[PDB]
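Have a look at the structure below before the remarks.
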Amino acid sequence: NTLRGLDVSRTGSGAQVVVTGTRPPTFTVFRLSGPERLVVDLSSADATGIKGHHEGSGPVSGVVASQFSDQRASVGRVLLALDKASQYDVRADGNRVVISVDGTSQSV
């Protein structure tokens, strides 16, 4: 597999989404509106997270995942419907890709 685990840490200051994988992931993150959404596209690996979204995540209303094929390769799209406006921050560390969804406060 490429993606081996997927974790969501809902908290009031920021919700963290973690995607763990066997190789460093190429990704792109972007926004959509009507409804407010955050979208992550993952290459080589298609990471799908589901049923991990708690009914009390202050940020994430829900998460849908789908993979599409490009030749023998696969692109996975993760879609997070939101409860409030976010400023996402994404960083990689080893085989983990971290996305933290902050509200409107970016630095203390």
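Which value, in debye to the nearest 20, gives the size of the charge dipole of the chain about its Cα centre, when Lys and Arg are +1 and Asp and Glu are -1 at the Cβ?
200 debye
When the Karplus curve 6.51 cos²θ - 1.76 cosθ + 1.60 is applied with θ = phi - 60°, which whole-Hz ³J(HN,Hα) does each residue of the stretch 67-82 get, with x for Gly and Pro?
Per-residue couplings from phi come out as 9, 10, 8, 10, 6, 7, 8, 9, 10, x, 10, 10, 10, 10, 6, 9 Hz.
Could you work out how much longer the chain between residue 50 and residue 107 gets when fully extended? Use 0.36 nm per residue separation minus the Cα distance between them, nm to one decimal.
17.5 nm
Using the Karplus curve 6.51 cos²θ - 1.76 cosθ + 1.60 with θ = phi - 60°, what ³J(HN,Hα) values do you get for each residue of the stretch 22-29, in whole Hz, with x for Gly and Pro?
7, 9, x, x, 7, 9, 9, 10
Which residues in the stretch 38-52 place their backbone N less than 14 Å from a point set 7 Å from the Cα of residue 1 along the Cα-to-Cβ direction?
Backbone N within reach: 45-52.
Kindly write out, for the stretch 3-12 in residue order, the coupling ³J(HN,Hα) from the Karplus curve 6.51 cos²θ - 1.76 cosθ + 1.60 (θ = phi - 60°), rounded to whole Hz, with x marking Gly and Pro.
These are the phi-based 3J(HN,Hα) values: 7, 9, x, 9, 10, 10, 10, 5, 8, x Hz.
So what is the relative contact order of the chain, in percent, for Cα pairs below 8 Å that sit 6 or more residues apart?
29 percent
Which distance in nm do the two modelled labels at residue 69 and residue 9 give, with both placed 7 Å along the Cα-to-Cβ direction?
Distance between label points: 3.7 nm.
Whole Å is fine, so just give me how far the alpha carbon centre of the stretch 62-108 lies from that of the stretch 26-49.
Here the two parts' Cα centres lie 5 Å apart.
Given 37 °C and 0.692 mPa s, compute D for the chain with the Stokes-Einstein relation, Rh being the Kirkwood radius over Cα pairs; round to the nearest whole µm²/s.
This corresponds to a translational diffusion coefficient of 235 µm²/s.
Positions of Cβ are backbone-derived with ideal geometry, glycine not excepted, and every protein chain shown enters the neighbour counts. FYI, it's all coordinate maths here, none of it is from the lab.
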